[PDB]
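Protein chains in written order, with the deposited numbering: chain 1b, 1 to 83; chain 1A, 1 to 115; chain 1J, 3 to 175; chain 1e, 1 to 99; chain 1a, 1 to 70; chain 1Z, 49 to 144; chain 1B, 25 to 179; chain 1H, 2 to 318; chain 1X, 1 to 114; chain 1K, 2 to 98.
Structure, as structure tokens:
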Amino acid sequence: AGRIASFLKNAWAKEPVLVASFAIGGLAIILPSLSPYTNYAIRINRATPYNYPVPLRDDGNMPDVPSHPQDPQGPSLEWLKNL
Amino acid sequence: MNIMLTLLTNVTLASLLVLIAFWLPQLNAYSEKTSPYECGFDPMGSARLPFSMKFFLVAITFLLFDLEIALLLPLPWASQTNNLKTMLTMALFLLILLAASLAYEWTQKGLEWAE
Amino acid sequence: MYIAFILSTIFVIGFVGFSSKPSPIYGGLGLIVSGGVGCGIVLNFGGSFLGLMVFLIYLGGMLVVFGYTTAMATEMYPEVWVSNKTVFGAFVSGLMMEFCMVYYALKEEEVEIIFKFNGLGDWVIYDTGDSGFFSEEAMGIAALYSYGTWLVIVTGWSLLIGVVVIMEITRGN
Amino acid sequence: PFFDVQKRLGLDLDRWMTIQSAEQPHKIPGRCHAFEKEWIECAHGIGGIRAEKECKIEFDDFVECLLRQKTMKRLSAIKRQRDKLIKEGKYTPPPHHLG
Amino acid sequence: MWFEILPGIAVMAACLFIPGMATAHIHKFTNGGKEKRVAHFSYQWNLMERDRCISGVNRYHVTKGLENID
Amino acid sequence: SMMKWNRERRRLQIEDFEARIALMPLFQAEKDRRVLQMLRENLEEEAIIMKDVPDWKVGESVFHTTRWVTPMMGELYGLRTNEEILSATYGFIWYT
Amino acid sequence: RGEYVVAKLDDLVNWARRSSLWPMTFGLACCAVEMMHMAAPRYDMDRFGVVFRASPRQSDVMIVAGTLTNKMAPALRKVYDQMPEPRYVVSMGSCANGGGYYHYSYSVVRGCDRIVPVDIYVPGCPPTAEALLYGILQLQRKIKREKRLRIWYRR
Amino acid sequence: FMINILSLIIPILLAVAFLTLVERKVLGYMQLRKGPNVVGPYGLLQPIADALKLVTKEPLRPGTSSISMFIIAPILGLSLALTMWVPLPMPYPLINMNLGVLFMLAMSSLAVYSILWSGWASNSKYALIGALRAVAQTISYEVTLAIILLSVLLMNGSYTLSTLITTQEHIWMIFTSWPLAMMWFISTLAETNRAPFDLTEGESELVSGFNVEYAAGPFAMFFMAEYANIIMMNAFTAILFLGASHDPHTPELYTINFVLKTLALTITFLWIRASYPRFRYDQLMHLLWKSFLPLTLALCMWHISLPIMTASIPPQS
Amino acid sequence: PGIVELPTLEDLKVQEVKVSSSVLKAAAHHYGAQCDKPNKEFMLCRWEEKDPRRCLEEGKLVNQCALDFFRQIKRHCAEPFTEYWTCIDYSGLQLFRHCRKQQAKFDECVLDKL
Amino acid sequence: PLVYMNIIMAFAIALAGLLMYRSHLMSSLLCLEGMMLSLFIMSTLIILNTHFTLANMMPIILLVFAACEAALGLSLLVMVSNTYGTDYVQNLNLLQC
Ligand SMILES: CCCCCCCCCCCCCCCCCC(=O)OC[C@H](COP(=O)([O-])OCC[N+](C)(C)C)OC(=O)CCCCCCCCCCCCCCCCC
Ligand code: SF4
């Protein structure tokens, strides 16, 4: 309590830049755990298509994948459209 | 080859400037003008004696640090991968590793001019 | 084609620049220029990131070696490629060394020395593939933090050990 | 490895690079993905010494795809004899091969 | 009288002018009005060859629209 | 301000990427025809050039396998003109 | 006419010479501090188009200001000879003009001209900042009145 | 095509020449002096007067100098400064360049080599010391400049200079990385060898640093080289942080805005030149390695996780 | 060491769709929606066969189907295409962003006309 | 191809240069440093040719340790230059026995 408060007083008094650089460096490490948009950042990179998704031969029983890029079924990204 | 053309033109244009600044503006040398400068007097005689550094310690750390930054130049492309989780930890890990090396050198003297 | 082979030829006698022991930074002149043209060799094959990297950290690395030469490794009369007779002999022996084979390669294209390789230039060895919207070199380098992982750790940890090693050996009690 | 610590705990340390047809950043193919694939799964679990004579054809073709030296030599024979007779005459270039 | 400073800037500012629009004007001139097409990736560069080939005059910066097809 | 703009810049990029992959089938259908046409064009030329050589199979299988391979571009532009060589082989990299 | 052409190139050469000549940052005695007095914003050395450069390989006109001594003599001649041509010398004050107040002194050479060629002798002890600033002007006029390439044409 | 090259090279030399006038004139007005005004109207003819007189001055070749080494360095200094003007994203860049900053950074390091070689090539104390102070100066700024460079454009998306205009767009980039611009601006001051960090020249300490045996034309190429260097890297910091709007139909609208941005910023470079004493290159590497390096890591860590923080990863294309 | 086979010069010739890249990408979004069945068929052949010489028929289908696509737009509103594709041309990056007004005029033909 | 020949003979003269000391260690140390430049260029040539995306890794990572080898190298030369003064390998023989 007293020791840390005086120590912070001493560091802020002698070399403010170092006690600063330790601060921005300090929380930039623990924000990722607290970040709620990191999952969106994961979804950002997955959504971006570089290789064109070659179609699959349909021998039946794949209701999820559509037969045309107009049917509702299939992975979608309206979260990005809202964002 | 567009970069070659401007590179060739640039070094060419520089060479004309030194070319006509060496032949056109007269020539007259009589030794003491040609002699080295020592603030008016005659040098002790050298300019080749070991001019030993007093900051040799920090020079090598520059090589380690200038080398390691080349390890994090790919960062802008490293951000746009499907695995930013381990990207965040690994890229962070490098910056703490440089920070620790700087902190290590800092505490054990180091950066201050060796006497 | 010229440039691809011509630049590599400059890389050769540039390497003769420092392998012949001139004054140490005249050797520094020797490999800084081949480092410059070495960027060109990888550049023609794509390789822009790697080509700029050597033109980034070699100059950074070669920046201090000059200082050590002029501070703690220079003589009263600095060497040059013409002053000493052995280094001039070392220089010339590095000139007919590749001159015969490039003439041999240009005339026969089937030079056998050590390795067997044909001499139809090097424009052939390129590819017909399409990179799409991603550069192969710049993304393989960027895979450092996605798939390197352990390969990252050994490099970073050694750099720490580097700053320890370069400190204790020069500390002198 | 002398001590295959990789296989013991099952976690990879350096095997991701190793061979050419491993997974690539968003599936960028290699030059010889097909040839290297054929050779690798030819000699799998068969033994290093019991791989040269049997899974050979999948290998020299793969090392051909890597270097393409015999084909470049094939192009050398084409180009050499081309300059041999066109300088002498005979062959006149078709109008698509020179513009 | 710092307004005597401005004549130094006035020519200098005009001196910095020339490489600006010229690099745009020569690009406009050499590409026929439309600006200089850039190709940072294979797709863009593979395009310019196709535009150069389709035009039939061996220029990438001349484009044939819907009238080209029949 | 940067977050909103960066998200928007992304939104255009997938829009641009969507157009690119929409044009892929036509472009791939053109490149393979262009490549295969030219490989045959070399073969038709190769019929008349290979008469003096003692042993030469015209268009023999380059590899021991029969599966098709991507064509080593030396076969493609080997006997073309110099300008066509530099326009594509060294074209991209030398282009600015 | 050839003489017309050479005169035009002559006019180009001296105008650049007299406009852009660079005095040496050389100072010895009482004259030196008054020399930098006129360089102060009151008289504005620079507004006449000149700037102070240090080494001999740098400047145009040597500005000798102060008492010349036997010990100072070897370096002054060395530093003057070290200035590339064209080079001019002006002699500040009575002391540097010749002898000065210490003309009879054992440790003073009677005249900077005894050591280095001189273009203009600016008098006063110390010369007022006005007087030598004219001395620069007189050298501009003297630089104007030359026929270097003109005498070469008729040579 | 070459007409574009001359229109890129020739105006810079005149712009560099007129920098010498304002260097000697705004300083004077900032110094109670009137500046050069005797040569033509208000002195605008003085930069010309300097040019011919320097060219017509006698070139000097010191006896103890290495002749080839003495000549190659001035060529390298001027050529790099001039070729440094090709890749900027000035509305239509001469060469689009994927690694725009790396091209910017690589030869900026090679620029000091001309500064480096001239010191010993002149073969004396006052240039060898100035050359070695160039070593320590680029020991300091180079170890950190790449860190600032990476941090600012990490939100841009890639290393291409052209994408800077797109990235900034609505608001000035300095509004997002103002402590980085604090880092970047005065570190460029430390590479251009200006008043607070001109130890390579060192007017008072060692006569002229890496210039003592240089005379006439070699200086003319050297004087233009470092004047070209400051303007170009100031134009670099102009687009890096203060990039203006660009309308494709009216590219000239960008030029007028960009020119003033790199011009008012240039006036700053002349502004610090008058008001601040000289850093001793002891504290120069001391400061940039004691406070500058530990700080620039922190925002570098800040500027990498933060695109991941708010799902604001910029696109590469 | 064997035989190479190549289709003759006749069956590899189609009525090539000859229109510039900018026009193609200007209508790419609409082209990829409906003119997709030959496209999807074409590179199921490309990825399954892994041999271009075995997919010429699909290449013909996609080339001719795109021609019918370009025939339809040319016939109904050719003029609104003109300003949309020329402003795409003016963009060096062929950016869609500086095209919204022109894109709007194009969009309402094919939605209501076709 | 011929580009490969040029840069492997770059190794050979670098190999000859390294293990041939004439006057001082600094020149040989630089030759050791430049020896990896061919090693860099060598390894870089196959990797872009073969389009193996991952193994673009090692040209940079070879550069980590090759220059790190030089980093301890010229820092070792510091210890010589204090006890020995010069950097001559001919003098570098105090362990004659
Ligand atoms: C939102 C939460 C996260 C926030 C993350 C970001 C950090 C926020 C908090 C800190 C903000 C500021 C950080 C950087 C501070 C500045 C750098 C620094 O270390 O300063 C202290 C340092 C150190 O100060 P010092 O050298 O006096 O030392 C102080 C004593 N010790 C060492 C013990 C600390 O300052 C300098 O290094 C001085 C630099 C001088 C440069 C030349 C003279 C100035 C020239 C004129 C410049 C005018 C402005 C130009 C602007 C141009 C813009 C384009
Ligand atoms: S002339 Fe007068 S003012 Fe000048 S140095 Fe001599 S005593 Fe001093």
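The beta-carbon is built from N, C-alpha and C at its ideal position, and this holds for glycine as well.
* Which runs of the alpha helix (DSSP H) fall wholly inside the stretch 19-60 of chain 1b and span at least 4 residues, in chain order? -> 38-47
* Asked: Closer than 6 Å: is that where the CB of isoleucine 232 (chain 1H) sits relative to any heavy atom of ligand 1?
  -> The residue you call residue 232 (chain 1H) lines up with position 231 of the eighth sequence. No, Cβ of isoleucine 232 (chain 1H) sits at least 6 Å from all heavy atoms of ligand 1.
* Asked: If the cut is a Cβ gap below 7 Å, which residues of chain 1X does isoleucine 69 (chain 1a) touch?
  -> Within the fifth sequence, the letter at position 69 stands for residue 69 (chain 1a). What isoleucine 69 (chain 1a) touches in chain 1X: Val17, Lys18, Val19, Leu67 and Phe70.
* Closest by CA to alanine 22 (chain 1a), which one among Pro252 (chain 1H), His287 (chain 1H), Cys301 (chain 1H) and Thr65 (chain 1H)? -> Mapped onto the fifth sequence, residue 22 (chain 1a) falls at position 22. The shortest C-alpha separation from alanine 22 (chain 1a) is found at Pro252 (chain 1H).
* To do: Using a cut-off of 9 Å between C-beta atoms, extract the partners of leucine 9 (chain 1X) located in chain 1a.
  => Stepping through the ninth sequence from its first residue, residue 9 (chain 1X) is reached at position 9. Within chain 1a, no C-beta atom comes nearer than 9 Å to that of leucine 9 (chain 1X); the closest sits roughly 18 Å away.
* Unbroken beta strand (DSSP E) run spanning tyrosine 112 (chain 1B), endpoints -> Translated into the one-based positions of the seventh sequence, residue 112 (chain 1B) becomes position 88. That run of the beta strand (DSSP E) goes 112-116.
* Anticipated Cβ contact below 8 Å, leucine 163 (chain 1B) with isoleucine 139 (chain 1B), distance rounded -> By one-based count along the seventh sequence, residue 163 (chain 1B) stands at place 139. By one-based count along the seventh sequence, residue 139 (chain 1B) stands at place 115. About 19 Å; that fails the 8 Å criterion.
* Asked: From the DSSP output, which residues share a beta bridge with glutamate 38 (chain 1A)?
  -> Indexing the second sequence from 1 puts residue 38 (chain 1A) at position 38. DSSP lists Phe41 (chain 1A) as the bridge partner or partners of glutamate 38 (chain 1A).
* Asked: For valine 23 (chain 1H), which residues of its own chain have a beta-carbon under 7 Å away from its beta-carbon, when the five flanking residues on both sides are left out?
  -> Taking the eighth sequence and counting its residues from 1, the one referred to as residue 23 (chain 1H) is at position 22. Only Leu271 meet the Cβ criterion.
* Asked: For a contact meaning CB atoms closer than 7 Å, what does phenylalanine 72 (chain 1B) contact in chain 1H?
  -> Against the seventh sequence, residue 72 (chain 1B) aligns to sequence position 48. What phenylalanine 72 (chain 1B) touches in chain 1H: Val39.
* **Interface residues of the stretch 135-148 of chain 1J facing chain 1K [CB-CB below 7 Å]** => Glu138, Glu139, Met141, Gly142, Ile143 and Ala145
* Below 8 Å on the Cβ atoms is my guess for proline 76 (chain 1A) versus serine 159 (chain 1H); work out the distance and round it to an integer in Å. => Residue mapping note: residue 76 (chain 1A) aligns to position 76 of the second sequence, counting from 1. Residue mapping note: residue 159 (chain 1H) aligns to position 158 of the eighth sequence, counting from 1. With 8 Å as the limit, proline 76 (chain 1A) and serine 159 (chain 1H) qualify as a contact, their Cβ atoms being about 6 Å apart.
* Asked: Does DSSP classify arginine 25 (chain 1B) as helix, strand or coil?
  -> Sequence index remark: in the seventh sequence, residue 25 (chain 1B) carries index 1 (1-based). Coil, per DSSP.
* State yes or no: is the C-beta of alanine 66 (chain 1X) within less than 7 Å of the C-beta of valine 110 (chain 1X)? => As a working note, residue 66 (chain 1X) is residue 66 in the ninth sequence. As a working note, residue 110 (chain 1X) is residue 110 in the ninth sequence. Contact flag unset, no.
* Asked: Distance, Cα to Cα, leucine 106 (chain 1H) vs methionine 234 (chain 1H)?
  -> Working through the eighth sequence from its first residue, we reach residue 106 (chain 1H) at position 105. Working through the eighth sequence from its first residue, we reach residue 234 (chain 1H) at position 233. Linking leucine 106 (chain 1H) to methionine 234 (chain 1H) through their CA atoms gives a straight-line distance of about 10 Å.
* Where DSSP assigns a beta bridge to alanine 89 (chain 1B), which residues make up the other side? -> Mapped onto the seventh sequence, residue 89 (chain 1B) falls at position 65. Paired residues: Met116 (chain 1B).
* To do: Check whether the Cβ of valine 17 (chain 1b) lies closer than 7 Å to any Cβ atom in chain 1H.
  => Reading the first sequence from its first residue, position 17 is the one you call residue 17 (chain 1b). Interface residue, yes.
* Taking only beta-carbon positions, decide if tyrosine 128 (chain 1J) is within less than 7 Å of chain 1Z. => Mapped onto the third sequence, residue 128 (chain 1J) falls at position 126. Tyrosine 128 (chain 1J) counts as touching chain 1Z.
* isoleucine 78 (chain 1e) versus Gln85 (chain 1Z), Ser109 (chain 1Z), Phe65 (chain 1Z) and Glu93 (chain 1Z), residue with shortest Cα-Cα distance -> Translated into positions along the fourth sequence, residue 78 (chain 1e) becomes position 78. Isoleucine 78 (chain 1e) has its Cα closest to that of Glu93 (chain 1Z), out of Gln85 (chain 1Z), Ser109 (chain 1Z), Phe65 (chain 1Z) and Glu93 (chain 1Z).
* Take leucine 71 (chain 1Z) as the anchor and find which of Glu79 (chain 1X), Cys35 (chain 1X) and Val14 (chain 1X) has the nearest alpha-carbon. => For the purposes of this step, residue 71 (chain 1Z) is taken as residue 23 along the sixth sequence, with counting starting at 1. Among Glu79 (chain 1X), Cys35 (chain 1X) and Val14 (chain 1X), the Cα nearest to that of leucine 71 (chain 1Z) is on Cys35 (chain 1X).
* To do: Assign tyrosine 28 (chain 1J) to one of two classes, buried (16 or more other C-beta atoms within 10 Å of its C-beta) or exposed (fewer than that).
  => For the purposes of this step, residue 28 (chain 1J) is identified with residue 26 of the third sequence, where counting begins at 1. Buried, by the Cβ-count rule.
* Got a sec: does ligand 2 put a non-hydrogen atom nearer than 6 Å to the Cβ of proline 65 (chain 1B)? -> As a position in the seventh sequence, residue 65 (chain 1B) is number 41, starting the count at 1. Checking the Cβ of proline 65 (chain 1B) against ligand 2 gives no.
* To do: Check whether the Cβ of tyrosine 52 (chain 1b) lies closer than 7 Å to any Cβ atom in chain 1Z.
  => The sequence position of residue 52 (chain 1b) within the first sequence is 52, counting from 1. For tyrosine 52 (chain 1b), the nearest beta carbon of chain 1Z is closer than 7 Å to its own beta carbon.
* Asked: Applying the criterion that 16 or more other CB atoms from any shown protein chain within 10 Å of the CB defines a buried residue, is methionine 70 (chain 1H) buried or exposed?
  -> In the eighth sequence, the residue the question calls residue 70 (chain 1H) occupies position 69. Buried, since its Cβ has 16 or more Cβ neighbours within 10 Å.
* To do: Just the C-alpha distance for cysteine 55 (chain 1X) and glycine 122 (chain 1Z), rounded to the nearest angstrom, thanks.
  => As a first step, residue 55 (chain 1X) must be located in the ninth sequence, where it is residue number 55. As a first step, residue 122 (chain 1Z) must be located in the sixth sequence, where it is residue number 74. Rounded to the nearest angstrom, the two C-alpha atoms are 24 Å apart.
* **Limits of the unbroken alpha helix (DSSP H) element including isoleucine 187 (chain 1H)** => As a first step, residue 187 (chain 1H) must be located in the eighth sequence, where it is residue number 186. Element bounds for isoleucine 187 (chain 1H): 179-190.
* **C-beta contact flag for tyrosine 127 (chain 1H) and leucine 33 (chain 1H) at 7 Å** => The residue given as residue 127 (chain 1H) occupies position 126 in the eighth sequence. The residue given as residue 33 (chain 1H) occupies position 32 in the eighth sequence. No.
* DSSP on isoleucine 166 (chain 1H), reduced to helix/strand/coil? -> Start at 1 with the first residue of the eighth sequence, and residue 166 (chain 1H) comes out as number 165. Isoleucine 166 (chain 1H): helix per DSSP, three-state reduction.
* **Any chain 1a beta carbon closer than 7 Å to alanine 16 (chain 1H)** => Within the eighth sequence, residue 16 (chain 1H) is the residue found at index 15, counting from 1. So yes, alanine 16 (chain 1H) belongs to the interface.
* Inter-residue Cα distance where the pair is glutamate 77 (chain 1J) and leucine 26 (chain 1K) -> Sequence index remark: in the third sequence, residue 77 (chain 1J) carries index 75 (1-based). Sequence index remark: in the tenth sequence, residue 26 (chain 1K) carries index 25 (1-based). Cα to Cα, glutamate 77 (chain 1J) sits roughly 13 Å from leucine 26 (chain 1K).
* To do: Report yes if the C-beta distance between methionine 120 (chain 1Z) and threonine 71 (chain 1e) is below 7 Å; otherwise report no.
  => On the sixth sequence, position 72 is the one that residue 120 (chain 1Z) refers to. On the fourth sequence, position 71 is the one that residue 71 (chain 1e) refers to. Contact: yes.
* **Nearest-angstrom Cβ-Cβ length linking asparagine 57 (chain 1K) and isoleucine 47 (chain 1K), presumed shorter than 8 Å** => Here residue 57 (chain 1K) corresponds to residue number 56 of the tenth sequence, with the count starting at 1. Here residue 47 (chain 1K) corresponds to residue number 46 of the tenth sequence, with the count starting at 1. Going by Cβ atoms, the distance from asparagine 57 (chain 1K) to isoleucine 47 (chain 1K) rounds to 11 Å, so no, they are not a contact pair.
* To do: Following the continuous alpha helix (DSSP H) through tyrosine 177 (chain 1B), name the residue where it begins and the one where it ends.
  => Position 153 of the seventh sequence, counted from the first residue, corresponds to residue 177 (chain 1B). Where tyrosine 177 (chain 1B) is concerned, the enclosing alpha helix (DSSP H) stretches over 172-178.
* To do: Return helix, strand or coil for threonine 151 (chain 1J), following the three-state DSSP convention.
  => Taking the third sequence and counting its residues from 1, the one referred to as residue 151 (chain 1J) is at position 149. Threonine 151 (chain 1J) falls in the coil class under three-state DSSP.
* **Environment of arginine 195 (chain 1H) [buried if 16+ CB atoms lie within 10 Å]** => For the purposes of this step, residue 195 (chain 1H) is taken as the residue at position 194 of the eighth sequence. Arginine 195 (chain 1H) comes out buried.
* Any heavy atom of ligand 1 closer than 6 Å to the Cβ of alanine 239 (chain 1H)? -> Here residue 239 (chain 1H) corresponds to residue number 238 of the eighth sequence, with the count starting at 1. Not under cutoff, so the answer is no.
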